[PDB]
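Shown below, as structure tokens, is a lone chain in the form deposited without the DNA; questions about how it binds or moves come after it.
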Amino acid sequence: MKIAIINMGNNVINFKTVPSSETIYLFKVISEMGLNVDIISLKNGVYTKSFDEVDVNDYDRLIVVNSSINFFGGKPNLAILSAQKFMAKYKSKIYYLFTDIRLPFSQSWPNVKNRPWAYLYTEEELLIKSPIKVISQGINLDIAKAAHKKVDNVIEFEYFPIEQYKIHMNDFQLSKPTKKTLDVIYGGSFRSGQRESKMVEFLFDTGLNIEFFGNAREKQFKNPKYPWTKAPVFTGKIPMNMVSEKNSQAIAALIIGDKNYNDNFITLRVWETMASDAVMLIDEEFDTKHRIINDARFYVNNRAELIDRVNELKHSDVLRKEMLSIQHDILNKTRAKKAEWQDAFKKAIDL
């Protein structure tokens, strides 16, 4: 049983980039459950083998981390093209890890054939014909199926909480008490404005000391539907393996998601935040049944409640430590189910 895992549209080298980090984390967690796996990328490296130096069909299972397939600028993006060429040569079922609703599996050919550099490729070379099984991070498979209604060879769908890999790593460790320098913090990208309403609601015009770290920038928030006056402080992006440490700088950290994530996806940030020294405050709409933590104090319905809850935490260190103890306890309860999670992953990839 030999497994190959690849990222469909981003180069993989180390933890200096997010897509690379995620692919390496998956490689590691799969390896930690006793499976033989190789990461195949553009070139050889610490964690990778090159597409040009291995036969994709020497592997019994091909796992693909979702990615965008859009082309921008000049030169052809080999990260996308070489990955799809590799996939097109595989003669068995492909397991597509669908962790981001905006990144459903799609054929690159249609987006290539009209490019000025289209002559460098052929349809037969890029057209992926193997059957594809989508492993959905969201429990709602209808949302996952709708996202792939445009691809005929995607014939199977199964839900699996992929994102829990963060808490199941052998070297996992909870963040320790940290000196606070922020009231609220949130790390992420602008996500093409797919979450602008929630970002403005909970992070803007709060009167609190809020930091928004990641690829997002103040100048991106200009939708007339969600006006604001005072924005949070935007700082640069940081390595994925430093996120919980970063969240720990704040008293509380925000949990929001895209509309289609509500009561559907449990994202990586839920675990990165739960494991941090920051109290997790969740948008009521994201988890209406309070399935993450059965304690209403961790949920906020709007800007007003977020402000109230944050001030309550600032005023009472005991309340803050009490809630942190609760979220760390619930986190450990899920970590205690690692065996079940591993077996479910194996089942998802037909092992």
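Heads up: residue numbers just count along the shown sequence, starting at 1. Think of the rigid core as the biggest set of C-alphas that the two forms share within 1.5 Å after superposition.
A second form of this protein, the form solved in complex with the DNA, is not displayed here; the remarks below concern that form.
The single option of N140, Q220, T181, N241 touching the DNA in the bound PDB entry, heavy atom within 4.5 Å | So the residue touching the DNA in the bound PDB entry, by this definition, is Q220.
Check whether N14 has any heavy atom within 4.5 Å of a heavy atom of the DNA in the bound PDB entry, and answer yes or no.
-> Although the DNA is absent here, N14 would touch it in the bound PDB entry, with heavy atoms inside 4.5 Å.
Is there any non-hydrogen atom of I24 lying within 4.5 Å of the DNA in the bound PDB entry?
-> The answer is no: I24 has no heavy atom within 4.5 Å of the DNA.
Is the gap between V18 and the DNA in the bound PDB entry 4.5 Å or less for some heavy atom pair?
-> Output for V18 is yes: heavy atoms within 4.5 Å of the DNA.
Find out whether any non-hydrogen atom of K93 is located within 4.5 angstroms of the DNA in the bound PDB entry, and reply yes or no.
-> Heavy-atom contact with the DNA at 4.5 Å: absent for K93.
Would you point out which of 264 to 272, 151 to 159, 83 to 91, 211 to 219 contains residues with a non-hydrogen atom within 4.5 Å of the DNA in the bound PDB entry?
-> Selected stretch: 211 to 219.
For the stretch 188 to 206, which residues lie within 4.5 Å of the DNA in the bound PDB entry by non-hydrogen atom distance?
-> Only a single residue, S189, comes within 4.5 Å of the partner.
Could you tell me whether the Cα atom of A118 shifts by at least 2 Å between this form and the one not shown after core superposition?
-> Yes, shifts by 2 Å or more.
Displaced residue check between this form and the one not shown: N140, CA, 2 Å or over, core reference = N140: C-alpha displaced by less than 2 Å between this form and the one not shown.
Could you check whether the CA atom of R191 moves 2 Å or more between this form and the one not shown, using the rigid core for the fit?
-> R191: C-alpha displaced by 2 Å or more between this form and the one not shown.
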